[PDB]
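By convention in this document, chain letters (A, B, ...) are assigned in the order of the sequence lines, proteins followed by strands, and residues within each chain are numbered from 1. Values reported hereafter were calculated over all heavy atoms of this structure, with side chains retained and with hydrogens, waters and symmetry mates removed.
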Amino acid sequence: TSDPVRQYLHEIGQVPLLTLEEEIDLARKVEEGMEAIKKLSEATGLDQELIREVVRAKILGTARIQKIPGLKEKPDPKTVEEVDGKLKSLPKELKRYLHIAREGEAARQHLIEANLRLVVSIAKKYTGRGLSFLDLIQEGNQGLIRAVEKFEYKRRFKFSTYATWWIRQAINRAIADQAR
DNA sequence: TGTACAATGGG
Ligand SMILES: [K+]
Ligand SMILES: [K+]
Ligand SMILES: [K+]
């Protein structure tokens with residue numbers, strides 16, 4: 001019952017689970033956001049992932065869970081200001097893609113937050129294997145993030161199905177690495 | 001590349 005860990009569990013416990021309908025709606029928004037981000041990259045000559053990360057950094061203020069173990073830190077503030085500057089200065093026709101991209105990353109963050117409880121339930125099955133509980137959570141969280149990136153809502157499978165696959169993969173890979 | 005029943009206290 002690590003104080004910081006107990007506090008994380010308390011915090012993710014307040015995030016309600018998504019209904020099927022909401023799940024589909026968020027996943028749809030993430031897809032649309034990635035397509036818009038592609039367009040912004042073509043227009044600006046900037047890396048898609050760099051655009052995504054900056055757009056994310058600008059929607060985190062409205063987020064429910066701020067510090068999530070295992071998640072990539074925001075880029076340095078100067079990179080943010082610079083890239084956010086270029087995106088904001090784009091012509092009318094392109095600024096709608098920016099709106100769609102912002103909606104997508106806001107949706108991604110929500111979808112991730114609403115599944116942190118699943119990561120924890122799986123992690124509990126892997127304790128005493130060389131990684132601390134907190135470490136299991138960090139690795140599981142990175143599997144969750146990968147799940148979100150590759151999830152295809154059109155297959156009509158529940159998100160928990162695909163996330164479980166990835167969270168186990170990530171945790172198993174981390175355990176095998178620790179072991180050498 | 002692709003990785004997919006559901007699973008979020010546990011069984
Ligand atoms: K019961
Ligand atoms: K009970
Ligand atoms: K029961």
Side-chain angles (χ1 to χ4, degrees), chain A residues 1-39 41-42 47-53 56 59-60 62-72 103-180:
Chain A
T1 176
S2 164
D3 180 80
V5 173
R6 196 178 49 106
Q7 175 66 28
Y8 173 73
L9 300 192
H10 171 72
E11 289 184 359
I12 70 181
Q14 325 252 67
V15 181
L17 297 185
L18 307 164
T19 62
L20 178 54
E21 290 63 41
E22 303 173 315
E23 193 176 276
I24 287 162
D25 187 71
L26 296 175
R28 181 164 47 236
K29 277 176 171 62
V30 172
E31 293 197 352
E32 289 160 349
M34 292 298 281
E35 175 52 55
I37 280 172
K38 181 175 152 300
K39 289 290 174 181
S41 176
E42 297 174 341
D47 177 38
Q48 296 181 39
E49 166 72 355
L50 177 55
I51 289 169
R52 183 174 138 192
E53 283 191 58
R56 174 178 191 285
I59 59 68
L60 266 176
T62 318
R64 295 181 290 188
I65 313 272
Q66 291 284 359
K67 301 196 185 189
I68 299 172
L71 251 96
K72 187 144 39 79
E103 294 274 4
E105 290 311 304
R108 184 195 308 279
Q109 170 72 14
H110 213 252
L111 181 59
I112 290 168
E113 294 170 339
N115 287 275
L116 296 169
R117 291 159 54 192
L118 173 65
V119 164
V120 166
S121 73
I122 292 156
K124 287 160 56 180
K125 307 262 167 45
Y126 290 90
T127 57
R129 295 243 250 146
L131 297 183
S132 68
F133 190 46
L134 175 59
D135 274 13
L136 288 169
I137 291 175
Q138 299 190 345
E139 303 286 336
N141 282 358
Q142 291 177 47
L144 170 63
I145 284 139
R146 176 64 176 165
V148 176
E149 298 179 331
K150 306 302 294 197
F151 179 67
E152 296 171 4
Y153 77 92
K154 286 189 163 164
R155 303 205 194 189
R156 299 180 298 113
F157 298 126
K158 292 299 308 307
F159 181 71
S160 74
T161 299
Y162 191 55
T164 294
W165 189 87
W166 271 107
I167 293 155
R168 288 176 173 168
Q169 285 295 323
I171 290 177
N172 273 322
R173 171 179 124 183
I175 290 174
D177 293 341
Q178 188 68 27
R180 270 42 263 190

Note to self: Just to be sure I understand the rule, does A:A163 reach a base, reach only the sugar-phosphate, or reach nothing, if contact means heavy atoms closer than 4.0 Å?
What the structure shows: nothing
Next item on the list: Quick one: closest heavy-atom pair of A:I175 and A:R129, and the distance?
Entry: CG2-O, 3.9 Å
Item checked: Rounded interatomic separation in angstrom, taking NE2 from A:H10 and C1' from B:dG9 -> 17 Å
Item checked: Closest to side chain of A:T161, choosing from B:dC5, B:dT8, B:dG9 -> B:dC5
Check: Base, sugar-phosphate alone, or nothing: which one does A:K125 contact when heavy atoms must sit under 4.0 Å apart?
Finding: sugar-phosphate
Next item on the list: Grab the CH2-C1' distance between A:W165 and B:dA4 for me, whole Å please.
Entry: 9 Å
Next item on the list: Can you figure out which of B:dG10, B:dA7, B:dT3 approaches the side chain of A:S121 most closely?
Entry: B:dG10
Item checked: Protein-nucleotide distance (A:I167, atom CD1; B:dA7, atom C1'), rounded to Å -> 10 Å
Next item on the list: Would you mind classifying the nucleic acid contact of A:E152 as base, sugar-phosphate or nothing, using non-hydrogen atoms under 4.0 angstrom?
Entry: base
Notebook entry, point to check: Taking OP1 and OP2 of B:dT3, is either one under 4.0 Å from a side-chain nitrogen or oxygen of A:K150?
Noted result: no
Item checked: Member of A:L20, A:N115, A:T164 meeting the side-chain contact (heavy atoms from CB on, under 4.5 Å) criterion with A:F159 -> A:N115
Notebook entry, point to check: When the distance from CD of A:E23 to P of B:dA7 is rounded to whole Å, what number comes out?
Noted result: 8 Å
Next item on the list: Give me the ring orientation class for A:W165 and A:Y162: parallel if the planes are under 30° apart, tilted from 30 to 60°, perpendicular past 60°.
Entry: parallel
Item checked: Side-chain-base donor-acceptor pair under 3.5 Å for A:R146 and B:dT3 -> yes
Check: What interatomic distance, in whole Å, is found between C1' of B:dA6 and the corresponding atom of B:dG11?
Finding: 14 Å
Checklist line | Polar contact flag, side-chain donor to acceptor under 3.5 angstrom, A:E11-A:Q7 | finding: yes
Check: Where the side chain of A:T164 is defined as all heavy atoms beyond and including C-beta, which of B:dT8, B:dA7, B:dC5 is the nearest nucleotide?
Finding: B:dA7
Next item on the list: Please report, rounded to the nearest Å, how far the P atom of B:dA6 is from the CG atom of A:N115.
Entry: 14 Å
Next item on the list: State which residue, out of A:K29, A:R52, A:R56, fulfils the side-chain contact (heavy atoms from CB on, under 4.5 Å) condition with A:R108.
Entry: A:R52
Margin query: Side chain of A:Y162 only, heavy atoms from C-beta on: which candidate in B:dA7, B:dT8, B:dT3 is closest?
Written below: B:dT3
Notebook entry, point to check: Can you tell me how far P in B:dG9 sits from the matching atom in B:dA4, rounded to whole Å?
Noted result: 24 Å
Notebook entry, point to check: Roughly, in whole Å, what's the span from CG in A:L144 to P in B:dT3?
Noted result: 18 Å
Item checked: Value in whole Å for how far the P atom of B:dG9 lies from CG of A:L9 -> 10 Å
Note to self: As a test of reading the structure: which of B:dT3, B:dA6, B:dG10 is closest to the side chain of A:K124, going by heavy atoms?
What the structure shows: B:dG10
Check: Can you tell me how far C1' of B:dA4 sits from NZ of A:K154, to the nearest Å?
Finding: 17 Å
Check: Any side-chain N or O of A:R156 under 4.0 Å from OP1/OP2 of B:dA4?
Finding: no
Next item on the list: Scan side-chain atoms only and decide if A:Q109 and A:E113 contain a donor-acceptor pair under the 3.5 Å cut-off.
Entry: yes
Checklist line | Residue met sooner reading DNA chain B from 5', once A:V119 and A:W166 are mapped to nucleotides | finding: A:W166
